[PDB]
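Given next, in structure tokens, is a single chain: the form deposited in one PDB entry.
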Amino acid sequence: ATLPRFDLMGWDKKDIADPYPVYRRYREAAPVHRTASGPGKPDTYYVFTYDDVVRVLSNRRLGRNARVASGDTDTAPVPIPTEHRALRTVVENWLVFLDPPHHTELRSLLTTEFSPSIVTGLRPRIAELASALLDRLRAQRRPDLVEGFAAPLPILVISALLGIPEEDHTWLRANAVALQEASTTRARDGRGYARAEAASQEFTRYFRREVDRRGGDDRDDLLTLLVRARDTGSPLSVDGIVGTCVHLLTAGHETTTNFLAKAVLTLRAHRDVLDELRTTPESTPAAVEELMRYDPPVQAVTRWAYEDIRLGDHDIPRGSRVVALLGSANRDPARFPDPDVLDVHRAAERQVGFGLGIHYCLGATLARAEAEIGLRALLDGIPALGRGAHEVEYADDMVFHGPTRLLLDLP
């Protein structure tokens, strides 16, 4: 052989920031690579090719539950230790980790609230939010584009849909970050899990509070929608509602946050595109799409084999974990010529940054709206966005991929 075993763990900051050279070396050797774990831990098959990633997200014998895959009561349905019960409850209640029919019933109840029509009515306001955020960020000397903008924008947006207090955007953010340490490609040397556990509890109480208050002066916000469904007979527990709010809050902003932050990083490394964008704003929609293919906010998603499946050079046994490398698929030259070139005129609707299949990003249209309106705000409100120095720290995360913070030195 030539290449050693591949996994998303313990990577140095250099590779986390620019993982593409790694996906390339592996993609060129084989579309699928398998990595053995050692005990009663199942093998994992990493998919690097576009076509095979498509197959991972599409084939229905791949599911989200490792317990269903192994047919073993002992194995955890989701990747969180039993020790952490509040965390486990919250996570196994996320739509992304559900299988049909439960998954179908929930998405169905939820999708009407994120329609193209509703996103269009939201734009003028997503615009005043960004403007106000940037307005505030000039008041300070070395602004953090993440805490001061990339995070607050999508949190305030989803907070309104949910029907929660705008004033809680900082509290919401910190608990979402604490919970993120439970993500499967994190360090977790010392209390990542304990913190995520406590965060989960904070969200449980916060959201349990919100619903016992859903006999009030009755709005329409996901919360009410959710509570009214249960009250009228829908198969929904308060844990399920709680988990959904947590899922919508986290999945509803951490992704957009990373897109916005990394987009600033990408445009800075591609000044011709950045300057082209500053002068011709009609290119914004095409830029977003290409920025997404170029450096997707979500680098890896997992699935579990419910039955034997053949992919690439491998015969994946039932019970095997399967990882679709979105970032690697978006830079596969077989699908995107000159993949490392940031070209905003290429056809990129093909990119799998929003996923594919039944779990296709639920807020894609909302995400796209926050992305263009978002980076528009940055482009027009910060002339020196592409000048001067910047400092960034990437999170040790290969699922939700991006900066923990990004300070700029334009006064």
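Between two forms, the rigid core is the largest collection of C-alphas that superpose within 1.5 Å. A residue's number is simply how far along the shown sequence it sits, counting from 1.
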Original post:
273-281 versus 151-159: which one carries the higher mean Cα B factor per the record?
Top reply: 273-281
Original post:
Got a sec? Mean C-alpha B-factor, which is higher, 333-341 or 77-85?
Top reply: 77-85
Subject >> Largest Cα B-factor, entry values, listed residues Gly63, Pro31, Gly363, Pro42 >> reply: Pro42
Subject >> Top residue by Cα temperature factor, when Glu92, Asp231, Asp308, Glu254 are compared in the entry >> reply: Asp231
**OP:** Name the third of the chain's ranked CA B-factors that contains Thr185, choosing lowest, middle or highest.
**Re:** middle
Original post:
Should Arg55 be placed in the lowest, middle or highest third of its chain by the C-alpha B factor in the entry?
Top reply: middle
**OP:** Report the third (lowest, middle or highest) to which the CA temperature factor of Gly388 belongs, ranking only the modelled residues of the same chain.
**Re:** highest
Original post:
Ranked by Cα temperature factor within the chain, is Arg141 in the lowest third, the middle third or the highest third?
Top reply: highest
**OP:** Going by the recorded CA B-factors, say which third of the chain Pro100 sits in, lowest, middle or highest.
**Re:** middle
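Not pictured, yet referred to below: the form deposited in another entry.
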Subject >> Sole residue of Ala132, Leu110, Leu274, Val238 shifting 2 angstroms or more in CA between this form and the one not shown, core aligned >> reply: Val238
Original post:
Would you say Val227 moves its Cα by 2 Å or more between this form and the one not shown, aligning on the core?
Top reply: yes
**OP:** Would you say whether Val91 is displaced between this form and the one not shown, judging by a C-alpha shift of 2 Å or more on the superposed rigid core?
**Re:** yes
**OP:** Answer yes if the Cα of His345 shifts by 2 angstroms or more between this form and the one not shown on a rigid-core superposition, and no otherwise.
**Re:** no
